[PDB]
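Only one structure is covered here, and it is reproduced in the block below.
Here, each number is a calculation from the coordinates, and none is a lab measurement. Here the Cβ positions follow ideal geometry from the backbone for every residue, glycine too, while neighbour counts run over all protein chains shown.
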Amino acid sequence: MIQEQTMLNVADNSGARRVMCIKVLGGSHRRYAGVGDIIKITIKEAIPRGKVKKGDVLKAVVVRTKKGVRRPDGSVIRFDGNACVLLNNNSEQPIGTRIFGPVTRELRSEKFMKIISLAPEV
Amino acid sequence: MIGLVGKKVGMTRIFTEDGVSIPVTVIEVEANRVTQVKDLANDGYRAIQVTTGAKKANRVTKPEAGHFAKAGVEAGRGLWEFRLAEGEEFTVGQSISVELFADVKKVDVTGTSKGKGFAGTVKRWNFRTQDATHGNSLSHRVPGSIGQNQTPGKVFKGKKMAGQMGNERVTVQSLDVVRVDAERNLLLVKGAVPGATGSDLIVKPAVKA
Amino acid sequence: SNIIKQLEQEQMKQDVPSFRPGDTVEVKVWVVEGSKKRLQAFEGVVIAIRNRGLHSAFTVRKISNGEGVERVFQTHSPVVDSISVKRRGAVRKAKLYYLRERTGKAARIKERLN
Amino acid sequence: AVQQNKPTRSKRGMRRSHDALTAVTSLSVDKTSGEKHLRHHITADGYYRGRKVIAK
Amino acid sequence: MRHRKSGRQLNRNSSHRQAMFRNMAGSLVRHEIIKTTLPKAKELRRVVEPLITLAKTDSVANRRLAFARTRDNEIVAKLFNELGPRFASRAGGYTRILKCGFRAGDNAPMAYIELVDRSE
RNA sequence: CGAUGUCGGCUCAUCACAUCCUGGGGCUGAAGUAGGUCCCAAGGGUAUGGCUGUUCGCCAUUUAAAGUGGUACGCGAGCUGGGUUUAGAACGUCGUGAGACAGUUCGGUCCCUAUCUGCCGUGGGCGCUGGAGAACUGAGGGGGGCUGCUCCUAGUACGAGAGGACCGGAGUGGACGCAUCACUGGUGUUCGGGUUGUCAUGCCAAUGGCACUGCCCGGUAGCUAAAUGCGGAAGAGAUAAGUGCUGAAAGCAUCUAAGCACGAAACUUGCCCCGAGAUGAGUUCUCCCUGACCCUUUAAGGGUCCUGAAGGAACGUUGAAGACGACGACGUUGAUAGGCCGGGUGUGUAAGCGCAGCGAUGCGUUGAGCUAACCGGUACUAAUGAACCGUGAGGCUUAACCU
RNA sequence: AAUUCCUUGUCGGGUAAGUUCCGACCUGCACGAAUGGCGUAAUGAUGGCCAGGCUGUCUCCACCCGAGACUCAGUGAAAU
RNA sequence: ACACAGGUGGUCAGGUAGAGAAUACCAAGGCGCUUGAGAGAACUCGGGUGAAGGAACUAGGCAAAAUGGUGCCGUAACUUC
RNA sequence: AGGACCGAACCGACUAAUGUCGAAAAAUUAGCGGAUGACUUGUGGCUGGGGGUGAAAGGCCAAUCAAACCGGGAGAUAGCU
């Protein structure tokens with residue numbers, strides 16, 4: 001579970017070192033994001049020869065959260081660092097194509113099916 | 001349809017083989033014996049009065065024991081009410097057990113919650129909470145304004161001030177009945193059921209299909 | 001109780017191994033992708049075990065590809081296929097929650113070798 | 001945060017008309033001494049249920 | 001809310017809760033009866049009684065577990081040899097409670113706690 | 001003007017339709033998808049920010065939607081004092097000056113123990129006409145009514161094409177609520193271990209007191225959330241705006257004057273808690289009691305003797321009950337509490353000893369010792385035997401039916 | 001500008017976005033060289049702003065240790 | 001005005017940890033506040049905690065929280081040096 | 001050496017809360033500054049009301065200061081309560 005203003009990191013290699021969450025999609029006053037949620041971000045730190053820079057309003061999808069995903073049996077999956085992966089503003093189908101760090105199984109639906117192609121694990 | 005009564009004996013988990021962990025609830029359904037059947041010609045409406053459990057000798061009184069005496073049934077611990085659904089028929093003394101609920105899929109469980117006590121408005125009605133260190137003084141948790149200025153000149157009836165939270169009677173709905181076990185007399189129904197580990201419950205079939 | 005406990009022992013599986021905290025177990029979990037009913041495993045460090053019989057579970061921390069996922073498993077559930085210790089560690093604390101705060105060399109334990 | 005018209009005497013004791021007290025109404029006696037003492041206490045001289053337990 | 005919590009708070013901080021019961025159970029053994037309030041002496045029982053089960057089970061070690069508790073060298077010597085095989089016989093409950101009236105000052109309903117003893 | 005505290009930010013809301021969204025319908029320059037305006041409709045929902053002294057305003061990004069207006073331009077005997085609106089000070093300016101400014105900058109006490117309405121609750125008296133019991137009906141009065149998004153129907157219908165559907169089904173999310181701890185967590189100055197400096201018990205060892213629990217890492221019961229089950233109808237009645245059929249009056253044309261029909265989140269039902277002090281105080285199955293005796297203004301009478309029922313209460317150990325009471329459980333014709341035993345769980349290798357080693361300390365006995373509340377047994381002590389309050393067949397009038 | 005009506009003035013950096021702000025254009029409503037002008041590192045219990053560290057101030061609070069709040073008894077006001 | 005958390009100037013000034021008289025605990029030497037006893041709710045007051053987050057709160061990082069010591073290594077634009 | 005530096009006694013009073021029928025006719029508990037000095041303080045004198053003092057607020061002169069406090073003109077004057 002991650003809500004606004006959070007200095008999240010980014011798991012693929014687009015340019016994004018540390019991004020920040022500002023407007024959590026999908027809900028009319030939804031405060032909370034997670035296991036497959038779509039949040040809206042911008043980059044605060046890039047590499048020099050990245051696709052992106054600091055200062056571009058972008059749309060992402062969470063995978064890691066430091067609170068963890070609830071499995072249907074009662075297993076919890078805690079990481080030690082949040083991550084979301086950058087996409088297009090509207091043609092989502094992500095920018096970056098090599099991801100560091102694993103993911104969890106709860107995306108798995110027809111839109112993010114690249115992420116099991118770029119999964120390193122799970 | 002008629003409902004039935006027994007205690008509530010805690011919570012556990014029931015594990016399906018695929019890996020779902022249903023957080024389950026146990027309800028111990030005794031013999032539920034019918035004590036008096038009421039009817040339209042003598043009461044204007046028809047229902048039944050049920051009686052359950054075992055109670056000692058030297059506690060039930062002769063105004064109580066007399067209405068037990070007319071059936072030939074034993075000293076139960078209380079007298080509840082269940083309305084007949086105008087089809088099903090019963091007799092005085094007849095026990096009706098947990099295998100009644102064999103073909104139900106959902107039940108409406110109702111009972112008395114815990115007594116949370118004389119609880120604050122932050123706790124009771126979920127008023128949102130103000131500041132606590134900005135220079136604020138002596139209004140850290142209390143509700144605030146309770147009404148408009150001069151022209152109402154009173155308070156409306158029912159404006160959500162603190163009350164002794166809990167212990168009324170709280171009805172939960174659409175509870176998936178999980179398992180109907182007849183031998184150990186234990187009834188298993190999905191979810192979170194009001195009551196303590198031992199209180200009184202009323203479980204009845206769902207009107208909301 | 002005795003009433004509800006009698007329900008608890010008729011799905012509780014019979015022989016699990018003993019792990020302490022500080023061991024390096026392998027816990028292979030069941031997982032379903034579409035039609036296939038397959039096996040996936042975990043190679044980490046057990047750092048806490050909470051005993052309540054049917055309600056027991058344990059926290060096994062592996063350092064995966066850049067970060068240390070910390071995953072739990074409810075011990076009597078049908079999701080867990082197998083339990084096998086790789087190496088045993090001589091810890092003193094019973095629920096090591098401070099091994100999220102060490103990485104690399106300091107997060108090694110020892111061997112028990114009792 | 002003060003009164004505005006004087007309460008009477010008739011509104012006064014009707015707050016006091018629950019302020020009565022209830023003394024004892026039971027006062028059991030001893031098995032040996034037959035002395036008045038409080039129910040489930042001991043006597044002035046020290047008995048309880050036919051037992052001298054003050055050790056005086 | 002107090003739902004199935006144990007203990008009496010007895011307005012006193014938590015050092016003063018146990019470390020008073022340090023001394024009253026340190027006084028309950030010497031002359032074996034006292035006079036004190038009802039809601040203290042109803043709480044003195046549950047602390048002076050685990051000094052007894054230790055005292056019917058004698059060793060070097062559990063002598064010191066009743067020295068890590070009540071902290072009187074004469075009481076633990078009065079334990080284990082004067083009390084010990086005096087109540088080593090039967091199952092538990094080594095106290096009598098017979099309530100004993102009211103204070104002259106402030107209606108603090110005093111009670112007697114005494115050991116099940118003194119047939120003299 | 002012998003006081004009515006003033007913009008604004010919380011918190012708390014509540015009312016009106018001139019409706020921002022949801023629902024119904026008409027019309028179109030309504031092909032479809034989107035729209036536009038006119039009505040019907042107040043049941044519910046009704047952004048976070050950057051900025052600003054903020055309502056006011058802009059942009060960003062959400063949203064099914066971020067409606068508008070009333071309540072001293074709502075709310076200080078509820079809070080904050082940033083705004084102007086005390087005196088200190090300054091820039092500019094106007095005036096010789098003392099000094100003033102819809103001209104800006106800096107700093108500058110917000111008090112009050114609730115008598116009375118009112119409100120969430122909560123107990124006592126006593127009434128309901130003999131008394132008590134336990135259980136209910138239901139007059140009546142609240143709650144609760146939110147809303148996308150994908151898929152199939154069908155890439156269809158309408159369209160050259162791009163595009164792209166209504167009523168209908170399914171599942172998953174958002175927001176508020178209702179519980180519930182079984183898991184995921186937090187809490188656990190009573191717990192088990194570590195440990196800093198110090199003090200004592202004669203000293204080593206071992207322990208305990210003090211230091212914001214001394215500072216620490218974990219932690220049961222419960223208390224609870226972010227944790228997880230449920231909640232908003234489906235169905236019915238009578239009506240809106242409309243849509244009508246068969247027809248009149250006005251031989252024909254007309255949704256209406258007679259009359260018959262659908263038709264909305266609104267209006268009564270449906271579901272849920274309160275509820276016979278519903279003084280119109282009600283039904284229901286019942287349990288308890290049927291001695292003597294003067295007076296009389298013979299009044300629904302007082303009086304004295306003898307008794308004092310079922311039961312309530314009183315005191316008692318107490319309770320997931322609790323502010324004090326109330327309400328629940330039990331009261332030796334005994335499991336109501338504290339205990340003790342079995343265990344669960346927690347913290348994890350007591351103490352002592354033996355040996356290794358110059359030692360700090362390591363290994364064996366030892367996954368030991370210890371454990372607050374929790375779970376299952378046993379009377380070990382403590383929940384006296386009585387007295388107390390309450391009663392002796394229950395006013396009169398009037399038929400139906402019985403002597 | 002601590003000097004500014006139009007005024008949130010017009011550009012640029014900062015922010016996703018800036019009536020605050022930092023460097024300037026010059027047309028100062030109404031600066032100005034001892035009712036001192038400009039720059040100035042130290043210095044301030046200074047004014048505005050800003051990232052990091054940081055934490056319950058907040059999103060949305062929940063347990064807990066205690067002194068009163070509450071019950072029983074003793075003494076006992078107050079404005080009004 | 002009071003047996004009042006408010007002020008009054010010199011002197012003596014012990015042990016062990018510590019730079020020190022501050023602090024932490026004790027010798028000696030004095031005291032326990034002149035209402036107690038229960039209860040274990042909202043509720044202020046003085047606080048210990050804390051899941052994911054990190055100023056989104058707010059007029060304002062005021063308040064909480066954070067850091068913190070004696071040594072060696074090592075440190076800038078500017079500058080009156 | 002030094003109106004150096006950090007910091008207790010002592011000095012004071014920048015922030016926050018308690019209080020504001022207060023423990024007190026503006027202090028108390030945590031934090032904030034000078035702390036070898038343009039400092040701080042005890043006893044003892046001098047300055048007296050259009051007068052004093054004053055690193056200047058119109059601040060202060062016995063809990064009261066844009067003109068002290070007690071007495072006396074005096075029962076001032078009161079187009080007004």
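Beyond 26 Å, what share of the Cα-Cα pairs of chain B remains, rounded to the nearest whole percent? Let's see the in-between values first.
Working: 11345 of 21736 pairs.
Within chain B, distances greater than 26 Å cover 52 percent of Cα pairs.
Anyone know which of B:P63, B:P194, B:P23 comes out most mobile in the 10 Å Cα GNM of chain B?
B:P63
Order the peptides B:6-18, E:64-76, D:29-41 from the highest to the lowest mean number of other Cβ atoms within 10 Å of their residues.
Listed from highest to lowest mean packing, they are B:6-18, E:64-76, D:29-41.
Taking neighbour counts of Cβ atoms within 10 Å as a proxy for exposure, in what order, fewest first, do A:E92, B:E89, B:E74 appear?
B:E89, B:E74, A:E92
Which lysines, if any, have their Cα less than 17 Å from the Cα of B:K106, not counting same-chain residues under 8 positions apart?
Filter leaves B:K190, B:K204, B:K208.
Under a 10 Å cutoff between Cα atoms, tell me which one of E:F102, E:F87, E:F21 has the largest fluctuation in the Gaussian network model of chain E.
In the Gaussian network model the winner is E:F102.
Order these by the 10 Å Cβ neighbour count, fewest first: A:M1, A:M7.
Working: A:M1 15, A:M7 11.
Ranking A:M1, A:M7 by Cβ neighbours within 10 Å, fewest first, gives A:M7, A:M1.
Give me the inter-chain shielding for B:15-26: mean count of other chain Cβ atoms within 10 Å, whole number please.
For peptide B:15-26, the averaged partner shielding equals 5.
Quick one: order B:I146, C:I63, B:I27 by neighbouring beta-carbon count within 10 Å, fewest to most.
Going from sparsest to densest Cβ surroundings: B:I146, C:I63, B:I27.
Assign one of three labels to the range B:1-112, namely rounded, prolate or oblate, based on the Cα gyration tensor with a ≥ b ≥ c the square roots of its eigenvalues; rounded applies when a/c is under 1.5, prolate when it is not and a/b is larger than b/c, and oblate otherwise. Before the final figure, lay out the partial values.
Numbers: a/c = 2.85, a/b = 1.58, b/c = 1.80.
Taking the square roots of the gyration eigenvalues as a ≥ b ≥ c, the range B:1-112 is oblate.
Of chain A, which part is the longest with no trypsin sites (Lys or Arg not before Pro) in a loop (DSSP not H, G, I, E, B) and with at most 10 other C-beta atoms within 10 angstrom?
Working: sites that count: A:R31, A:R49, A:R98.
Counting only loop sites that pass the neighbour cut-off, the longest clear stretch is A:50-97.
For chain E, compute the number of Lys pairs whose alpha carbons are separated by less than 17 Å, excluding pairs fewer than 8 positions apart on the same chain. The partial results should precede the final answer.
Values: E:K5/E:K42; E:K35/E:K99; E:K40/E:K99; E:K42/E:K99; E:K56/E:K78.
Close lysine pairs found across chain E: 5.
Taking a ≥ b ≥ c as the square roots of the Cα gyration tensor eigenvalues, with a/c under 1.5 meaning rounded and otherwise prolate when a/b beats b/c, else oblate, which class fits chain C?
oblate
Residue by residue through C:2-13, how many Cβ atoms from other chains fall within 10 Å of the Cβ on average? Please list the in-between numbers first.
Details: counts 0, 8, 9, 1, 2, 10, 3, 0, 0, 5, 1, 1.
Counting other chains' Cβ atoms within 10 Å and averaging over C:2-13 gives 3.
In the Gaussian network model of chain E, springs joining C-alpha atoms below 10 Å, which of E:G93, E:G26, E:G105 carries the largest mean-square fluctuation?
E:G105
How well do other chains shield peptide C:51-60, expressed as the mean number of their Cβ atoms within 10 Å of each residue Cβ?
Mean shielding count: 1.
Restricting attention to the range C:41-114, which GluC sites (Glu not before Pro) occupy a DSSP loop and are surrounded by at most 15 other Cβ atoms within 10 Å?
Of the GluC sites (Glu not before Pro), the ones in loops of the range C:41-114 whose Cβ has at most 15 other Cβ atoms within 10 Å are C:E101, C:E111.
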